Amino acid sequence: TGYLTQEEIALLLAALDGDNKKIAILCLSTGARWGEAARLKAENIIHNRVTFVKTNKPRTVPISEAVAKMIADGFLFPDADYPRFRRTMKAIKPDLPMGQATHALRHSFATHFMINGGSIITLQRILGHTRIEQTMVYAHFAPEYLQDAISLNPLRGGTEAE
């Protein structure tokens, strides 16, 4: 449940190349596990929407034109090399627990998603978690706004309505 800082991300991407790099970008964009991202086919990307299939239930996550352009243009990543990815990751983040390299980028997506004001519920869906309790590992990263009781109530913080 560790994650990469902004600066760790920067180093990671600088140090990777080829399909590993593209996969990293995809995982950082979508919260994909390494495996499901690496096995991805052209047909799983329709109108800038990536579909990770049934194995864990299916789920779909949108990506920018730029990302879609870069990763697509059969299997998208035939020259993926997980061990080299792992090596490079461990070099940037030495304190990373064993075999957690498959999930580090997923946890980085999630973590920054919450830090940046994302909804825990939307995140649950994006990650394809069956239960919200799974997604609550990222909850403490969220800012909390009790004054939303005022502005989001159905009177909009007033006395009237509408």
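So that there is no doubt, residue numbering starts at 1 and follows the sequence shown.
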**OP:** Answer with none, 1 to 3, 4 to 9, or 10 or more: how many deposited residues between residue 64 and residue 65 are not present in the coordinates.
**Re:** none
Original post:
Can you say how many deposited residues have no coordinates in the span between residue 73 and residue 74, choosing none, 1 to 3, 4 to 9, or 10 or more?
Top reply: 1 to 3
Subject >> Stretch with the higher entry mean CA B-factor, where the candidates are 1 to 9 and 151 to 159 >> reply: 1 to 9
Original post:
Where do the C-alpha atoms have the higher mean temperature factor in this entry, in 95 to 103 or in 131 to 139?
Top reply: 95 to 103
**OP:** Would you mind finding, among 111, 56, 29, 119, the residue with the largest C-alpha temperature factor in the entry?
**Re:** 56
Subject >> Among modelled residues of the same chain, the CA temperature factor third for residue 40 >> reply: highest
Original post:
Sorting the chain's CA B-factors, does residue 115 end up in the lowest, middle or highest third?
Top reply: lowest
**OP:** Using the B-factors in the PDB entry, rank residue 123's C-alpha atom against the chain and give the third, lowest, middle or highest.
**Re:** lowest
